[PDB]
Amino acid sequence: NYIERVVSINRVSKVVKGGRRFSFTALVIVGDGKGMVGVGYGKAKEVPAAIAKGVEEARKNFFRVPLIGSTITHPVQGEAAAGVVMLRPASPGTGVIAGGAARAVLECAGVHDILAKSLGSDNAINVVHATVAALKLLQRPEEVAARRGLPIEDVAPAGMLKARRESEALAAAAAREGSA
RNA sequence: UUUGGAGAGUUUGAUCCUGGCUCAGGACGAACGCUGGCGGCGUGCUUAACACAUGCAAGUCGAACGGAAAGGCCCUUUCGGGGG
Ligand SMILES: [Mg+2]
Ligand SMILES: [Mg+2]
Ligand SMILES: [Mg+2]
Ligand SMILES: [Mg+2]
Ligand SMILES: [Mg+2]
Ligand SMILES: [Mg+2]
Ligand SMILES: [Mg+2]
Ligand SMILES: [Mg+2]
Ligand SMILES: [Mg+2]
Ligand SMILES: [Mg+2]
Ligand SMILES: [Mg+2]
Ligand SMILES: [Mg+2]
Numbered sequence: 035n036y037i038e039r040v041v042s043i044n045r046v047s048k049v050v051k052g053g054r055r056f057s058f059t060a061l062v063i064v065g066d067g068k069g070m071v072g073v074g075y076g077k078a079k080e081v082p083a084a085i086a087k088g089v090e091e092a093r094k095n096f097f098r099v100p101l102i103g104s105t106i107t108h109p110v111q112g113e114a115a116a117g118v119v120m121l122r123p124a125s126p127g128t129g130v131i132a133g134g135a136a137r138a139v140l141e142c143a144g145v146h147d148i149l150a151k152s153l154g155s156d157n158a159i160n161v162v163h164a165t166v167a168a169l170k171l172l173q174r175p176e177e178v179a180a181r182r183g184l185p186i187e188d189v190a191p192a193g194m195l196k197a198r199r200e201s202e203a204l205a206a207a208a209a210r211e212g213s214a
């Protein structure tokens, strides 16, 4: 079950002595909704070939987002190229809130509650590039604890560890129900 | 130890950056065009601190005093009125 979206379509032109040659391009976003995201950007002379190339590139490119239950861990300010994107965790039930491209990418990722805002470089390509850069910048609390070489409870707050406990309990319950 | 951030269009054969302009919401001590059944609730000179007809918007005490113009009572009557 792979989920796909299309953000924009642009008509590129090529000029020669004879006249004008045209081509099609598009960018696609693919995500499984369980923490998987991929960015694909393909070009072709027709929409079917373009979309096929884009989805193939998305299949080729893969990356795992370390989300905790429903929301992100810590605030992030990712800056890529001329695009800037900010992210912040939310209280449960608030819902997804962001611009077009940010909403598409985050939904394909599969989160439910998060804050976002775009401050420049409105174009979708740079927006998604900045968002994926921020996602790269995000880090896992277990990995940071291992790097620090200190006990987990001494680096993680009570709220976060409790939320992790409840998320693990719910995941175990869902797995048991599915197995049954 | 708790509460909460959305964008879109627009310069170029096609791309990006900065940056301008417009739109999606809420509010009025409001006005205008059209239409217009009823009940309940608030509100009604933001300009000329311009000029004003008119009728009202501050009186009360005889248990303070001198007194009885107009009333009541009792003495009188010619019904003009004479005393307390
Ligand atoms: Mg910068
Ligand atoms: Mg713009
Ligand atoms: Mg709030
Ligand atoms: Mg143009
Ligand atoms: Mg043009
Ligand atoms: Mg500037
Ligand atoms: Mg700008
Ligand atoms: Mg009418
Ligand atoms: Mg009634
Ligand atoms: Mg009224
Ligand atoms: Mg007067
Ligand atoms: Mg007085």
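Note that the entry's author numbering has the first sequence beginning at 35, numbered continuously upward. Every residue gets a Cβ at the ideal spot worked out from N, C-alpha and C, and that includes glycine.
Query	Result
Check: residue 188 C-beta below 8 Å from any heavy atom of ligand 2	no
Buried versus exposed, by CB contacts within 10 Å (16 or more), residue 152	buried
Unbroken beta strand (DSSP E) run spanning residue 59, endpoints	54-65
Simplified DSSP assignment, three categories, for residue 128	coil
Paired residues, beta bridge with residue 36 - DSSP	DSSP output for residue 36 lists no bridge partner at all.
Where residue 160 falls: helix, strand or coil (DSSP)	helix
Three-way DSSP call (helix, strand, coil) for residue 140 in this model	helix
Residue of 134, 99, 181 minimising C-alpha distance to residue 107	99
For residue 71, the three-state DSSP class (helix, strand or coil)	strand
Spatial neighbours of residue 55 in its chain, beta-carbon cut-off 8 Å, leaving aside the 5 residues before and after	47, 48, 49
Range covered by the beta strand (DSSP E) that runs through residue 113	110-114
Near ligand 7: residue 154 beta-carbon under 8 Å from a heavy atom	yes
Residue 72 to residue 186 span [Cα, whole Å]	31 Å
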